[PDB]
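Sending over a structure as structure tokens; questions will come in a sec.
Just so it is clear, none of the values below were taken in a lab; they were calculated from the coordinates. Backbone-built Cβ (ideal geometry, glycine too); neighbour counts: all protein chains shown.
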Amino acid sequence: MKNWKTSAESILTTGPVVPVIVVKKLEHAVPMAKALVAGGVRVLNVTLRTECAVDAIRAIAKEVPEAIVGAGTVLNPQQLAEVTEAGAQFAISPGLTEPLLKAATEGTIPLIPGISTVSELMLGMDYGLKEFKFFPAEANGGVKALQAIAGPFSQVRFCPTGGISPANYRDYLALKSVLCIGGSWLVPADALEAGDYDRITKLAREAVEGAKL
Amino acid sequence: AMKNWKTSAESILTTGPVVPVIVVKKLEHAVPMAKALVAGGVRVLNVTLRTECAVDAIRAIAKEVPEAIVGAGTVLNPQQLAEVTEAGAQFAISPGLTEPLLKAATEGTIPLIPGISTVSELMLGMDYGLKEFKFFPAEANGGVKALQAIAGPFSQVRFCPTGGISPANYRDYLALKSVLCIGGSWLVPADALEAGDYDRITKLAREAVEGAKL
Amino acid sequence: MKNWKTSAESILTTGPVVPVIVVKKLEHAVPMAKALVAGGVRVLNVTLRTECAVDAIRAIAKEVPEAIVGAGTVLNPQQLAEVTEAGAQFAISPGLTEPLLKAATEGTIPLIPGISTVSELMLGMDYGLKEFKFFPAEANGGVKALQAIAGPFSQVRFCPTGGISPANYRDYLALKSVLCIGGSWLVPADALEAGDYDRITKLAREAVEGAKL
């Protein structure tokens, strides 16, 4: 369609890890985003799981130009339009539907939607998509399930999210079908609550360095 | 809530912790089985559309055991939904969902609690305004862990897991914030039903309700 | 179906095993097919995963008329029409979509489409289909899923494919709802390279003989 100035592939290839951010207090959003950027992680998935999420996207979009901020847990076109208005550069959804795929592909920012099954992958491909989230990765059957799901589809690429942490993320990054992974461990709720931005920066840098090799 | 439904789907699931999955082969067993379950404290009766007499069983239970909340399970399309609604079903359960079934349900008069296995299926149900779902088949879907992850991004949705749930594991599911109740076939064993062993059915229902307590 | 002279059920009941074929070099297609047929395996799922696949289907159709040759990894109506014109006698898809289901039921050859979940099964049944692939079987929950996924659906029948080999194919073939299984083990990539047609015939013969319950 030509509609997306930012490609979905560019979002997934910026770096190896995309943090799944749950931010309860708005005041934490900008220092958190700066702390991630300082650790070399700069694609920020702010999930629509808290009241302040869209305001957090808006603030990060304005105040942290070194980050590419987007929205996650986007379930429907209403939410897609909200995050587009607020300054999200991309949208992540935990699964897909036709109204969401239609609104996204007609709209101005890339959607990287989750799938669990090949039928869901095929419906996304019918809308021209080739980059997907694999969610919930561990509950979908992990690396092996992803290897089987990805096999008939040489060209498709994934961002697995759900149950991924330093213990297992390399297993996913090793796969030819995987561009990057998502996880909430880079932004733990207790770190945000305690204002331990220093620890967020270290978690980010540990993730980036640990992804190599 | 759904403007066309007089009974909410939520109220169906919050009635009790266990919903028996009923397969009734011979019509004459349906009413005494329903009374036996009610007598054991279990009144939401999922009469599955897996046998020829299922719809007549729903009608019989609706007439003779009006204190039960009788409904239909294994509802696969709008035709079956209309048929069970006409018969007196107070709700419908489906093992999975489709857009024609969702549309017919929301235009019709009784709550549908449809099965999902994945978040995309959940999202399709949510597009139609639904917030109460079955999680089927629960154990083969990846059980409590799967359900935990799937239900994660979806804090308002509630489930009734069904499929491989037993007295051995049902409290594992009932302990989850996202779960209101579970479904199981163990309350109405095929052999008890054919034997007319209603005291056994009552005992099992009573044990299920007591054992659900955390 | 009055549009499908060759029923989906006839394809799946021909034998216990359907090889998932990836043919990288066209010249190997015909002797591979003859080797399978010599070992007693006649239904050949030639997957659309390599450039020469459609030419492989045309070659096998001409030269090995006892092979029942079909196309796999059929993802959309365009590919379905292409393989139909090339002489495929059936099509297999790893999942399903409404455009693919509509095209299949409008066309002349049976589609046996993959499902992973009951909602996907219900969508296929809404188009009148009663035979399905269960893919990727191991990732879908395996035998326990079919005892359960197939539960409320006593009449539906399957061809499980994905992670099935001699170690477990009998576990699937034991099920009332299973007509046959699929797998790539019968045509190992390196056997084709090495021109080891004897190896292919032996694996086929072993698979058919090992299937007797």
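Quick one: compute the contact order of chain C, relative version, from alpha carbon pairs under 8 angstrom and 6+ residues apart, as a percent.
Here the relative contact order equals 23 percent.
Report, please, the projected area of the protein assembly as shown averaged over directions, based on the convex hull of its C-alpha atoms, in nm².
The directionally averaged projection comes out at 29.3 nm².
Turning to a different aspect of this structure: Taking the Cβ of B:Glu139 as the center, what net charge do the other residues with Cβ under 15 Å away carry, scoring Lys and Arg +1 and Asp and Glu -1?
For residues surrounding B:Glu139, the net value is +3.
Taking the Cα centroid of region C:10-39 and of region A:62-123, what is the distance between the two, rounded to the nearest whole Å?
42 Å
If I take every Cα pair under 8 Å that is 6 or more residues apart in region A:1-110, average their sequence separation and divide by the length, what percent do I get for the relative contact order?
About 28 percent, as a whole number.
Further question: Can you list residues whose amide H is under 5 Å from B:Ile69's amide H, if they're 5+ apart or on another chain and H is modeled 1.01 Å from N?
B:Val44, B:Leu45
Over region B:115-214, what relative contact order in percent results from Cα pairs under 8 Å that are six or more residues apart? Before the final figure, lay out each step's value.
Numbers: 119 pairs, mean separation 21.8, N = 100.
Relative contact order, region B:115-214: 22 percent.
Using a cut-off of under 16 Å, list every residue of region B:84-105 whose amide N is near the label point 7 Å from the Cα of B:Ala1 along the Cα-to-beta-carbon line.
Correct set: B:91.
Could you order the peptides B:43-49, C:103-109 from most to least packed, using the average number of other C-beta atoms within 10 Å per residue?
Top of the packing list down: B:43-49, C:103-109.
May I pose another question? Just from its helices, what would the mean residue ellipticity at 222 nm be for chain A, if runs of 4 or more DSSP H residues each count -39500 (n - 2.57) and the sum is divided by every residue, rounded to the nearest 500 deg cm²/dmol?
Taking each H run of at least 4 residues, the total per residue is -11500 deg cm²/dmol.
Right, here's the next one. Are any of the pairs C:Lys2/C:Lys62; A:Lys24/B:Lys103; C:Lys34/C:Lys202; B:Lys63/C:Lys130 more than 24 Å apart by Cα-Cα distance, and if so, which?
Checking Cα-Cα distances, C:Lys2/C:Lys62; A:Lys24/B:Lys103; B:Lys63/C:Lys130 exceed 24 Å.
Further question on the same structure: Can you check what the net charge comes to around B:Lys203, using other residues whose Cβ is under 12 Å from the Cβ of B:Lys203 (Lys, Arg +1; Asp, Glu -1)?
The answer is -2.
Rounded to the nearest Å, what's the spacing between the alpha carbon centres of region A:144-177 and region B:176-214? Just the number, please.
Cα centroid to Cα centroid, the span is 41 Å.
Can you give the charge dipole size of chain B about its Cα centre, rounded to the nearest 20 debye, using +1 on the beta carbon of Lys and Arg and -1 on the beta carbon of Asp and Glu?
On the way: 20 positive and 21 negative charges, 98 e Å.
Magnitude of the dipole: close to 460 debye.
For C:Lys133, give me every one of the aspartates and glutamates with a C-alpha distance below 17 angstrom, ignoring sequence neighbours fewer than eight places off in its own chain.
Of all the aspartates and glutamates, those that pass the test against C:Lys133 - Cα under 17 Å, at least 8 places apart if same chain - are A:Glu120, C:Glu9, C:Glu98, C:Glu120, C:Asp171.
State the extension gain, in nm to one decimal, for the chain segment bounded by B:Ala39 and B:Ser11, taking 0.36 nm per residue of separation less the distance between their alpha-carbons. Before the final figure, lay out the partial values.
Values: separation 28, 0.36 × 28 = 10.08 nm, distance 2.01 nm.
Between B:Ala39 and B:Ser11, full extension yields an extra 8.1 nm.
If you add up the charges near A:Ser7, with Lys and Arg at +1 and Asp and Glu at -1, over every other residue whose beta carbon is less than 15 angstrom from its beta carbon, what do you get?
+2
Mind checking which of A:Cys159, B:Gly73, C:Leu96 is farthest towards the positive end of the protein assembly as shown's charge dipole, using Cβ charges of +1 (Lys, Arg) and -1 (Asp, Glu) about the Cα centre?
With unit charges placed on the Cβ atoms, the residue in question is A:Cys159.
With +1 on the Cβ of every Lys and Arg and -1 on the Cβ of every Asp and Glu, and nothing else charged, how large is the dipole of the protein assembly as shown about its Cα centre, in debye rounded to the nearest 20?
Numbers: 60 positive and 63 negative charges, 76 e Å.
Here the size comes out at about 360 debye.
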